[PDB]
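Coming up are structure 1 and structure 2: the same protein chain in two forms, each one given alone as structure tokens.
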Structure 1
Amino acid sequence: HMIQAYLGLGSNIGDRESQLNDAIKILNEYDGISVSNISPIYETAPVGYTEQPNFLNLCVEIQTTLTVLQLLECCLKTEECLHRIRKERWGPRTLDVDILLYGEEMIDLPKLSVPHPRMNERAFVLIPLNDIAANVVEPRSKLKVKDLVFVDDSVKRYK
């Protein structure tokens, strides 16, 4: 039995589009993960620390038989495969893979919160997520993504 989950991907170092497309390929290669939907890519001004490069961001849907922790380990392993060496949470990275949603399940462990607890105020997440998951309910707010998404000029259609 598979569950539907959503991942947020980001890159702001180097050939960002290549790193994102390699990430999707690698995610689809883990036993127990199948990438089932892919959003458009957006180019986005960096949020937080601004003296760093512009990001490309997208979202994917996966069908997975993995538990949430097994899925997290696959996300981190993918970052390692793309040579994410920097680990300053505020700083640049070759690849970031974040778990956004895992069905309607909710957890807030010290080091793992799903739904991702910052997604609802990030246009760099909600805009691509709405492209693939408009009618999906975000279980904290209990609102559909299409009712969370908002306009943001710092998020531009890329490609």
Structure 2
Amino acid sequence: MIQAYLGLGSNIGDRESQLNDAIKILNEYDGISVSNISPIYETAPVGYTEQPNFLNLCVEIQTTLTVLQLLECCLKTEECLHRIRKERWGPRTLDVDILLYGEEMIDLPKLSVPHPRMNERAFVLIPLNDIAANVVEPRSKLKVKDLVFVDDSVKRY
């Protein structure tokens, strides 16, 4: 049994309903049990052009799946929520990212864990700190509470 953390985002459609449906679907896979859910935050898009605001949250799971089995479940959940993948990036109904998988570090073509951008993203760290303040991010070897920083573009929804 491995403790893992997922980052969820939605910036198109009924964002809150889609996040709540995603959590339910994730929890319904055998080998995944959702054990904690952060508050929802409304967040300014980063890393791209002006786009609709996201709702973001983090989920704690207890899992007996391998990290690649877990990735399959995350991507399937996105498919369930009709995530579009066009030639260019755009708004998405649901994004499910594996942030942490125990203390493991994985660097495969289709999977990087810990998530490569998480340590510089308030839309991850703020909600992650609500549920995983004392969890160690294995690359930096810091607890999440020592990575989190104040960001006024991330607000409680």
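If you superpose the two forms and keep the largest set of C-alpha atoms that fall within 1.5 Å, you have the rigid core. Structure 1's sequence is the ruler for residue numbers, which start at 1.
*Asks:* When you overlay the rigid core, is the Cα of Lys77 off by 2 Å or more between structure 1 and structure 2?
*Replies:* Shift of 2 Å or more: no.
*Asks:* Once both forms share the same rigid core frame, by what distance in Å has the CA of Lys111 shifted between structure 1 and structure 2?
*Replies:* The shift comes out to 2.3 Å.
*Asks:* Please give the CA displacement of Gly8 between structure 1 and structure 2, in Å, after core superposition.
*Replies:* Its alpha carbon moves by 0.2 Å.
*Asks:* Report, to one decimal in Å, how far the Cα of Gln52 moves between structure 1 and structure 2 once the rigid core is superposed.
*Replies:* A shift of 1.7 Å at the C-alpha.
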